[PDB]
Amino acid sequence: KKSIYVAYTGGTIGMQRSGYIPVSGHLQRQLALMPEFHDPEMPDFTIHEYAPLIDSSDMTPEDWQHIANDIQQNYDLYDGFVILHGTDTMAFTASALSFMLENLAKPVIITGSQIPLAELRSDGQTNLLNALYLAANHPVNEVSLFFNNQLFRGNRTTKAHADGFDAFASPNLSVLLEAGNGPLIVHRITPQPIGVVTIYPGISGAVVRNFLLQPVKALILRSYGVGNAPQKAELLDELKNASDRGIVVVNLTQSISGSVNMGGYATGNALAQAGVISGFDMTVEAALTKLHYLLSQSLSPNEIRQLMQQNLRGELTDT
């Protein structure tokens, strides 16, 4: 019989209608009476309730680290791991854990719900039951995100709908599944001063200059189409000056789906000549958490630029 560790970090799933309030042991009490969670074909599971519970819109890198450390501490003791989490930043946590759990060789499924588990026809019951069932019986040895009958690669996920049952999508990768080597290495991630900004017509040098002031170590630029920005020295000079002082400037597309394609370096692509590197088809969550992972280590800006473009954990498609 398989055994799954369930980290209840926070989220509506384990709360009680009142609006929703946290109640200690509420999830343990409800699952004891729900016979499907004790079927012979279901794994054994153990709940660790975080004290205190985290509202996911308040999540910080320190919380990513706590979750990683909890998995690491329990790694040898279970067949797989389910993280319950609030929906607002679930994709950030999934993305960050993909980088932090190096040589992961058991399943980690992050999930949660729109509605508390105990409510009639809540997605909480289906999401938790499928996360347990899949980690035990159809293991994918990566950090996945389970929502609305789909298992996504965690570092490919973004919020689809601001709320409701179809909360998540993986715009640039097929779902891993429809529910119809080396030792685990965890390094310590810390908060990093990153700007995430969107280019728009006429964006000023003065504005951009200010986005790049200390303490900023990296900038994610969301640019047009396959990664184009204004051909204006006013913008390109501030981006080049930044990279010349060691800022990592990463190009993502504004588009819902698709890839930055800055072409060969020999094409003299204007952003590329200003020191900007391609983020290919990464999500904002994957690029933001990847920069946290790399800036948290002792790597040079050139080492980070190289690793930002390499597919480390299945987060990006390069050609």
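All residue numbers refer to positions in the sequence shown, first residue = 1.
- Unmodelled residues of the deposited sequence between residue 180 and residue 181: 10 or more.
- Going from residue 18 to residue 19, you skip over 1 to 3 residues of the deposited sequence that the entry leaves unmodelled.
- On average the C-alpha atoms of 22-30 have higher B-factors than those of the other stretch, with 272-280 and 22-30 being the two compared.
- Comparing 9-17 with 307-315, the higher mean C-alpha B-factor in the PDB entry belongs to 9-17.
- Per the PDB record, 39 has a higher Cα B-factor than any other of 62, 70, 39, 285.
- Of the candidates 175, 131, 105, 84, the PDB record gives 175 the highest C-alpha temperature factor.
- Sort the chain's modelled residues by C-alpha temperature factor and residue 163 lands in the highest third, per the entry.
- Among all modelled residues in its chain, residue 98 ranks in the lowest third by Cα B-factor.
- The PDB entry assigns residue 267 a C-alpha temperature factor belonging to the highest third of its chain's modelled residues.
- In the deposited entry, the Cα temperature factor of residue 291 sits in the bottom third of values across the chain's modelled residues.
- Residue 209: CA B factor lies in the middle third for its chain, per the PDB record.
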